[PDB]
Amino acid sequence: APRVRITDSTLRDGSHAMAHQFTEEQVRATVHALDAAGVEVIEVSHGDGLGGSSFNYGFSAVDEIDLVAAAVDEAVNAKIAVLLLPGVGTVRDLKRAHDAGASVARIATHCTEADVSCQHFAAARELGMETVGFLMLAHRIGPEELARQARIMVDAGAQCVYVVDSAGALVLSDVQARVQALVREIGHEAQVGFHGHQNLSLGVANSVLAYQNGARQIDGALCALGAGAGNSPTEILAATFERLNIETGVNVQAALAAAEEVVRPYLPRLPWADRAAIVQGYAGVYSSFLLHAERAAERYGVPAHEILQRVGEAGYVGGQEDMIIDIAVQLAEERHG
């Protein structure tokens, strides 16, 4: 049975849950524990990718490039990956991350907008980096439309394209259908990946189904650390694939110790499918909106889950955090009457 490569995003998707407050020591400790556990790719950036530090998404406590450099210094076997979103991060940012030693570039677009990724894939390939394409909020369009966007990324230089369940809104066969379509379209020349969120508690199952339908790359995070209800937990992916006799190269005991002894102590709170996160999964709302919605809820005196329900109705995409404030102001007036 073909092996699967897990990419860990504790230090990128997890940055959302940390409000981008990761210290160098936390990054070093986490990279060390992941690398020692056999994790092959470790993603390190601001939650919203390189150049993500902003008013819109939150500022980083420590420059992400310094964190990337610390990750590279710490890693013995693992590759360090970075995420970029065209429209947020730039080729100049990617070049800085490459100089710092990052060797995998993960370029993310909304699922219908792959053609904005061309500049970044070109630059990444010229640098000699491994490339991965991310099609965000992949529940929003059907399998064949998603495969067409995957082709655009492969033609641009992507060596893998992920189905990315940014809202944790996909349910089982939904993943099967999308992975099947991407495999048919690009499989002869690129890998297919899956990145799951836990908003309906389906990340791990969706990941197994992805692999069984031809995906060879799967994302997790230690302790589910990540946006919304969190990501598929790396330590559970390692345990489950081991039970299924699917090689990951990750030592289960070491992964359980990384989660329990290194990551859990610095968690602000446990990643949880509470009402607000489940509303995200149900309504298809980008997972990173959660803490921004909770902040606006306190700022304006309205419920976070009501903000998120409205965001659901409006159909916003990744990066539209600003719309949360407009909605919260409106809700404060409506609820006042």
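Numbers for residues come from their place in the sequence shown, where the first is 1.
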> Mean C-alpha B-factor higher for 263-271, or for 109-117?
Replying inline: 263-271
> Which is higher on average in the deposited entry, the C-alpha temperature factors of 100-108 or of 118-126?
Replying inline: 118-126
>> Looking at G38, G52, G312, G301, which one carries the largest C-alpha B-factor according to the PDB entry?
In response: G312
>> Using only the C-alpha B-factors in the record, can you name which of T90, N213, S232, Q149 has the highest?
In response: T90
> Lowest, middle or highest third of the chain for the C-alpha temperature factor of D165?
Replying inline: lowest
> Hey, what third does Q280 fall into on Cα B-factor, ranked over its chain?
Replying inline: highest
> Taking the C-alpha B-factors as the PDB entry records them, is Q159 in the lowest, middle or highest third of its chain?
Replying inline: lowest
> Sorting the chain's CA B-factors, does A257 end up in the lowest, middle or highest third?
Replying inline: lowest
> In terms of the chain's CA B-factor thirds, is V31 lowest, middle or highest?
Replying inline: middle
